[PDB]
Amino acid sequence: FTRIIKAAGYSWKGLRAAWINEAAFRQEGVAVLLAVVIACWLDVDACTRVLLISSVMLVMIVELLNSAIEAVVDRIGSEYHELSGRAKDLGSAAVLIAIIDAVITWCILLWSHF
């Protein structure tokens, strides 16, 4: 059980860090709470309820990997002094597809539901 607390600390440290620093993460964190509430207050099925919640949760997972990747690029920024931003672009592409995915999910599921 010793490693699990070390890891969860890391995870929490990572999360607390994203929240202070990334404005978009604060927005997505907000989106998860609503997604939860809206999904729970609406009379829908579980398969719908999971997907309304899970699609949005995926946005967060991806903004979190993107933020990790951006953090690496920046460590190199300080030493190389090279501007190539190819990685940060690709990470942002990933986050966009994640968001689109959630939008589609929500449209399709709510459009069915209503």
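Note that the rigid core is defined as the largest set of C-alphas that superpose within 1.5 Å between two forms. Numbers follow the displayed sequence, beginning with 1.
**Student:** Once the rigid core is matched, which of the two stretches, 51-59 or 23-31, lies farther off on average in 4 other deposited structures of this protein by C-alpha?
**Tutor:** Result of the core-fitted comparison in 4 other deposited structures of this protein: 23-31 deviates more.
**Student:** How do 78-86 and 65-73 compare in 4 other deposited structures of this protein: which one has C-alphas farther from this form after the rigid core is matched?
**Tutor:** Taking the RMS over all superposed structures in 4 other deposited structures of this protein, 78-86 lies farther out.
**Student:** For the C-alpha atoms alone, is the average B factor greater in 66-74 or in 38-46, going by the entry?
**Tutor:** Mean B over CA atoms: larger for 38-46.
**Student:** Look over 13-21 and 97-105 in the entry and identify the one with the greater average Cα temperature factor.
**Tutor:** Taking the mean B-factor of the alpha carbons in each, 13-21 is higher.
**Student:** How does residue 52 rank on Cα B-factor within its chain, lowest, middle or highest third?
**Tutor:** Middle third - that is where residue 52 ends up once the chain's C-alpha B-factors are sorted.
**Student:** Sorting the chain's modelled residues by C-alpha B-factor, tell me whether residue 30 ends up in the lowest, middle or highest third.
**Tutor:** It falls in the middle third of the chain.
**Student:** When the deposited Cα B-factors of this chain's modelled residues are ordered and cut into thirds, is residue 5 in the lowest, the middle or the highest one?
**Tutor:** It falls in the middle third of the chain.
**Student:** Among the chain's modelled residues, which third holds the C-alpha B-factor of residue 87?
**Tutor:** Within its chain, residue 87 is a middle-third residue by C-alpha B-factor, going by the deposited values.
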